[PDB]
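Peer 1: Let me give you the structure first, and then I'll get to my questions.
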Amino acid sequence: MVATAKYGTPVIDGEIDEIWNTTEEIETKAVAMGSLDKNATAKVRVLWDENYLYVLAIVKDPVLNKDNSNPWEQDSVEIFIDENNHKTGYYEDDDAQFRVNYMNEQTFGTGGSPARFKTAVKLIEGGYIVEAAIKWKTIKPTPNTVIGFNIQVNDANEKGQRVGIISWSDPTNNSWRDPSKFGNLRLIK
Ligand SMILES: OC[C@H]1O[C@@H](O[C@H]2[C@H](O)[C@@H](O)[C@H](O)O[C@@H]2CO)[C@H](O)[C@@H](O)[C@@H]1O
Ligand SMILES: [Ca+2]
Ligand SMILES: [Ca+2]
Ligand SMILES: [Ca+2]
């Protein structure tokens, strides 16, 4: 429900900056489809500065696949932001869904834009690391500012079928259209 992100500016390249160690790690344990022991999950660290929100997601996934024509059905990570944290039941102008797969290919849901999304992906033993920067659209964050946030891992099998949907705050697979399913992220100094 609630987490924090330390102020900081990491380099987007898929490598783990020392600074990521200064912020808490959250886990995607809100299951909508699949299970924690059998499907893709991520260990996530979050940082922020006046211009972007930064996300480091270490994904556990032994089988990588992107054969499905649906981007949400390819092994990928989705990031959700609610800048004014209104927790509405639908997307406002400030709300957004961003997506990037293990090949660092970006796709977008409502509100998401490539002009505000920089990403890098590096494969690792047993999975992959996603490092992203999301440019704020409507706000200029200050310490103790609270935004709505969620991160989801889509797990596809060798058959190109999505078998897992696990996020941090949403076990109902509605984050793509319902910000009220996002958790709260306090931007701290
Ligand atoms: O992302 C835009 C796209 O979303 C599709 O819904 C996905 C959603 O993106 C994802 O977060 C969730 O896990 O799965 C649903 C599908 O069940 C939606 O169907 C598209 O119309 C829309 O363009
Ligand atoms: Ca880095
Ligand atoms: Ca909003
Ligand atoms: Ca997979």
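Note that each Cβ is placed from the backbone with ideal geometry, even for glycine, and that neighbours are counted across all protein chains shown. The numbers here are math on the coordinates, done by the rules we state, and not lab data.
Peer 1: Can you find, within the stretch 60-91, the residue that is nearest to ligand 3 (Cβ to nearest atom) among those that are closer than 23 Å to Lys118 by Cα and loosely packed, with under 15 Cβ neighbours inside 10 Å? Before you say what the answer is, go through the steps one by one.
Peer 2: Of all residues in the stretch 60-91, those closer than 23 Å to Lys118 by Cα come to 60-61, 64-66, 69-85, 91.
Add one more test, that the residue is loosely packed, with under 15 Cβ neighbours inside 10 Å, and what stays is 69-70.
Working: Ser69: 30, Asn70: 26 Å.
Among those residues, the one meeting the criterion is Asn70.
Peer 1: A further question follows. Can you find a residue that is of a type outside the set (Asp, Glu), touching a residue at least 60 places away in the same chain (Cβ under 8 Å), surrounded by fewer than 23 Cβ atoms within 10 Å (Cβ to Cβ) and more than 13 Å from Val153 (Cβ to Cβ) anywhere in the stretch 14-29?
Peer 2: The answer is yes, given that some residue of the stretch 14-29 is of a type outside the set (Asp, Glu), touching a residue at least 60 places away in the same chain (Cβ under 8 Å), surrounded by fewer than 23 Cβ atoms within 10 Å (Cβ to Cβ) and more than 13 Å from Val153 (Cβ to Cβ).
Peer 1: Given the stretch 15-113, what strands (runs of 3 or more DSSP E) lie entirely inside it while holding 2 or more residues that are within 16 Å of ligand 4 (Cβ to nearest atom) and either of a type in the set (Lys, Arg) or touching a strand residue (DSSP E or B) at 6+ places or on another chain (Cβ under 9 Å) (or both)? I'd like the intermediate steps shown before the answer.
Peer 2: Working: elements: 25-27, 30-33, 41-48, 52-60, 76-82, 95-101, 106-108.
In the stretch 15-113, the matching strands (runs of 3 or more DSSP E) lie at 30-33, 41-48, 52-60, 76-82, 95-101.
Peer 1: Could you tell me which residue of the stretch 101-111 is surrounded by the most Cβ atoms within 10 Å (Cβ to Cβ), considering only residues that are without any contact (Cβ under 8 Å) to a residue 60 or more places away in the chain and within 12 Å of ligand 1 (Cβ to nearest atom)?
Peer 2: We begin by selecting, within the stretch 101-111, every residue without any contact (Cβ under 8 Å) to a residue 60 or more places away in the chain; these are 101-108, 111.
When the remaining residues are screened for being within 12 Å of ligand 1 (Cβ to nearest atom), the result is 106-108, 111.
Values: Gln106: 17, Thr107: 18, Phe108: 16, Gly111: 20.
Out of the qualifying residues, it is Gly111.
Peer 1: With the requirement that a residue be under 19 Å from the mean Cα position of the chain (by Cα) and of a type in the set (D, E, K, R), what does the stretch 137-189 give you?
Peer 2: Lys137, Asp155, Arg162, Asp170, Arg177, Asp178, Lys181, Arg186
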